[PDB]
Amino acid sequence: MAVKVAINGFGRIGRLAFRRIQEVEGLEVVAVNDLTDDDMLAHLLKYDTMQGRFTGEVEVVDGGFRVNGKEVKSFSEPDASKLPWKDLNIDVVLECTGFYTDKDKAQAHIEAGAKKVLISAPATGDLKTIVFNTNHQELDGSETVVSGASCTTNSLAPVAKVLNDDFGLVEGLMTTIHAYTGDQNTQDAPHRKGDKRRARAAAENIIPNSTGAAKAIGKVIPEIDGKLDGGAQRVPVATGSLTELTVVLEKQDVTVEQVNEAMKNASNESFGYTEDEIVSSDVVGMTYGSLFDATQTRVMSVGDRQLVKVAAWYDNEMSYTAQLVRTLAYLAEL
């Protein structure tokens, strides 16, 4: 009956995908692969600084752990191709290590015996990049490796698609005021990728930086390829982020009410709408991929010439996870 999921990399996304898959029927996590030990993994599953105590029960058993009476096998294998995916009958691997963000590298899971692989990051090579409820329709079923884009990309796609479809997108720039991630440093130190800004103390600074969304958007919405670009400001909150988008449009007498109303009409399970004066902590744990915030809509008009600004909240952890799981369910049924 149920789809067999294996998670590669029990990091923030992996553990959160695990939690979310608990609320979805027809999906079981049967395997978890990470290089850390099980005591540490069970402990980090049980307790989460921003996302709260894990509601079920977690105990380390022989071949891995038992979560709510169910067995999850665990491995400590740094080379994906070795993994017992064949033996275990994996339907889809949720690839969250960061170390396989390439169609050809991610192929190792298929050799090891898995049917499909969903990469929880933008990925290079000949594959589809999917934001659920924006372009998942482009999955036919034959694909064996799929990127699930990025957290910011998921916050951006539904907003740009409305803007483009209803008003015609000429060009836009974007800033995500974005929570700090574990790839940033606790104290000023050398950084892994030589990034002089990720090098700095994460929780004490506004840190300018790049975004996946910037380049990976034209992959989700081909008709606006090359028309958006932008970056991030990493700031001292541990999760919860906000995308601001400033654009020029074809349509001529755009009003604040027009924009909001267009977004309200496009809302669904993936794309929320709010008129409440909320703040970042109010979206910690939410399962919308993107929450349009109508209170932040601005329109600058100077003669016939307009600049339109909008903003959308997202839990860069849970919102992205929720979107990823949705893509996973859909992918598993083709």
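Don't overthink the numbering: it's just position in the shown sequence, from 1.
> Higher mean Cα B-factor in the deposited model: 210-218 or 160-168?
Here the higher of the two C-alpha B-factor means belongs to 210-218.
> Hey, which bit's got the bigger mean C-alpha B factor in the entry, 172-180 or 142-150?
Result: 142-150.
> Reading the B-factor column of the entry, which of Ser270, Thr49, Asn68, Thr297 has the highest value at its C-alpha atom?
The C-alpha B-factor peaks, among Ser270, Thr49, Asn68, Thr297, at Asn68.
> Taking the values straight from the PDB record, which of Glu111, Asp225, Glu244, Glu261 has the highest C-alpha temperature factor?
That would be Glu111, according to the entry.
> Lowest, middle or highest third: which one holds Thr287 when the chain's residues are ordered by CA B-factor from the entry?
Tercile = middle for this residue's CA B-factor.
> Which third, lowest, middle or highest, does the C-alpha temperature factor of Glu275 belong to within its own chain?
Answer is middle: the recorded C-alpha B-factor places it there.
> Considering every modelled residue of the chain and its Cα B-factor in the PDB entry, is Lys86 in the lowest, middle or highest third?
Its C-alpha B-factor, which the entry lists for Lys86, ranks in the highest third among residues of this chain.
> Among all modelled residues of this chain, ranked by Cα B factor, put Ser155 in the bottom, middle or top third, i.e. lowest, middle or highest.
Lowest third of the chain for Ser155's C-alpha B-factor.
> Lowest, middle or highest third: where is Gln306 by Cα B-factor in its chain?
Middle third by C-alpha B-factor.
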